[PDB]
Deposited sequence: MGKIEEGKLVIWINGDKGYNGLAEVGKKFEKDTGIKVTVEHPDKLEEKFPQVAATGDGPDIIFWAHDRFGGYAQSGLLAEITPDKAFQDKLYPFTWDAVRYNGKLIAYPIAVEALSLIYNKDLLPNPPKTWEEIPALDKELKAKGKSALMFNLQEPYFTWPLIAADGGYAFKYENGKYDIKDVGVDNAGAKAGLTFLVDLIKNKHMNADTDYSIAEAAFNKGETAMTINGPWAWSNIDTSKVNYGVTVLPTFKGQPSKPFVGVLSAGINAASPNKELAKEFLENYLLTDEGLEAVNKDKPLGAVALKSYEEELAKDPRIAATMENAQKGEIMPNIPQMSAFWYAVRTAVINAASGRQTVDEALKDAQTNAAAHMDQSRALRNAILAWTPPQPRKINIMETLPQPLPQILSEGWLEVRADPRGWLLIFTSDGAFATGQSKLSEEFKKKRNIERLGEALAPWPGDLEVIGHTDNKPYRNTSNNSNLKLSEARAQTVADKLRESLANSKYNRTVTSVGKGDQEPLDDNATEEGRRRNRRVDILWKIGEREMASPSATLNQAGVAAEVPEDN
């Protein structure tokens, strides 16, 4: 449960969380509201788990791409920056934080690939891709090469492939059209053909990967590479006299790198939405706020126009923002993993000679569509070991009806399958979260687990307590007791499901007195409220 009257902020470990804490300190001094900054490990996978519960931090800082799933799961609150505030930030940054037409985060920082070049080899680096062949010929005669960059990962070759017309998902009217992917079009083929031709003419090696390119550039053996701000410190350390500039154009058009936008989102379950809004809009997203975070750890380019003008005195920061404005926001939808796989396969196959460019992109298109269809199926349906020519959505399979007859467990149908319920009286000694001695001797929970094991379907364990007559507030001791009881039951189920053909997900959640089943004004009613729910999700009914 989130603590009203204060703010808990999650930001990743590689950011300037100490400077974020300073901004929190000034927030406290000015308003008395204390701000706590944390960097939990894997916070991007923690947040969707705890916020679904209603727990978590009030503010989460992460790259914008994951916020799409959170927004889909309803974990983020819509934000309401006014017109004057939105004009303070670069317009394109607001597109990175829109889900179904609703603003759902504040853009902080901006990141994209750039052209990195050796100033001693190349004081005036080429403006166009097309002029790189002749440049490599000249540099080959010196014992050098023009350009080496990671050809294994489509993140790095996509800027050229998109330049003349390739795209991932058509972005029209603030939404991504997963039916309109632009891998198999002429622009994509023209770019991928140019890339393949550089390899056939020996200007590049098809095996070149991230490590090979970095070593060659940082050793002064190639005049240019393509990388992100995360690579600059290794170049600094190699002391190669280097610069950072706009990516070359292709057929007169900008290379279009994908843009990652560090964003700040507000938890939908937060009871401090007004405090969060005020911290972000009036303290963090300001020259002073951003500068404080940036001194701790560089943000790179930033969405806030006024501070970006200050950071852009470094020509490398200016180039990052320039490439980002010419690029495309990374789509925040799950179908991107079909796009990435399909394109990755296409490029290594065209570059290796295994396929022509047109066959490889033709296959990428049909592969991606098939992949997206199959991913949806595993979301919306269950692929299960089925009896051949009993419907467990209408008839509980044996031995469940027997277990339900033993006087301790009940069931009712649920919109997502079956809700099993058992009162916690008797399952646990008074005030106890360890399972009663009686339940252990009878193997109540483990036989229930063994009864579910031959069948698919995830489980959700939810503990509830009664509450005291006429109190409209929640008891925090009752909350933790229900959470501990739920965890005991879920662990015991997991253990007894070890022999299942399924590795189902089993979550546990304490609801305390928040979700009563009946009236707490009588013991008749309080009894009903002291219970454990097991939601068995075998499909929608």
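Query - Sequence order list of spans that the model leaves without C-alpha positions, deposited numbering - result: Residues lacking C-alpha coordinates: 1-2, 392-394, 547-568.
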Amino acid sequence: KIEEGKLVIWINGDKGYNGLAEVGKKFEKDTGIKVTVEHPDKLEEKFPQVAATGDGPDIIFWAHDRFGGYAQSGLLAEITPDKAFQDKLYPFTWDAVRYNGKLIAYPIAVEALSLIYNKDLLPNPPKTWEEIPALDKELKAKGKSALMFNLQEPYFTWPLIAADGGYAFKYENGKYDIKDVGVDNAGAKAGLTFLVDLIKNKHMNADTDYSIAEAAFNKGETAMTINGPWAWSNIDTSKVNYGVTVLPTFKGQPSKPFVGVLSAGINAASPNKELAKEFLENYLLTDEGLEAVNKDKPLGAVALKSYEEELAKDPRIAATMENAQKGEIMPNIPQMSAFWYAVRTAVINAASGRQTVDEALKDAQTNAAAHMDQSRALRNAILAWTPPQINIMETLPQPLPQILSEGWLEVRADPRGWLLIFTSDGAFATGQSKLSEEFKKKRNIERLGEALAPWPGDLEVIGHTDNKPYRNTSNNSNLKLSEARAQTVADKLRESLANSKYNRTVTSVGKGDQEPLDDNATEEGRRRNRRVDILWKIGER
From here on, numbers count along this sequence of modelled residues.
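Query raised in the report: Going by the B-factors listed in the PDB entry, is the mean over the C-alpha atoms higher for 408-416 or for 81-89?
Result: According to the PDB entry, the answer is 81-89.
Report task. Tell me which of 40-48 and 506-514 has the higher mean C-alpha B-factor in the deposited entry. Result -> If you average the C-alpha B-factors of 40-48 and of 506-514, the larger mean comes out for 40-48.
Query raised in the report: According to the deposited entry, which of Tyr117, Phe258, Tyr99, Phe422 has the largest Cα B-factor?
Result: That would be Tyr99.
Requested in this report: Using the entry's values, work out which of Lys251, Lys440, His464, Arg471 has the largest Cα B factor.
Outcome: Comparing C-alpha B-factors across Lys251, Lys440, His464, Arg471, the maximum falls on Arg471.
Query raised in the report: Which third of the chain does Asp519 land in by C-alpha B-factor: lowest, middle or highest?
Result: Tercile = middle for this residue's CA B-factor.
Report task. Among all modelled residues of this chain, ranked by Cα B factor, put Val489 in the bottom, middle or top third, i.e. lowest, middle or highest. Result -> Answer is lowest: the recorded C-alpha B-factor places it there.
Query raised in the report: If you rank the chain by CA B-factor, which third does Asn282 end up in: lowest, middle or highest?
Result: For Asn282, the deposited C-alpha B-factor lands in the highest third.
Report task. Could you say whether, by C-alpha temperature factor, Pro229 belongs to the lowest, middle or highest third of its chain? Result -> Ranked within chain, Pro229 CA B lands in the lowest tercile.
Query raised in the report: Which third of the chain does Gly353 land in by C-alpha B-factor: lowest, middle or highest?
Result: It falls in the middle third of the chain.
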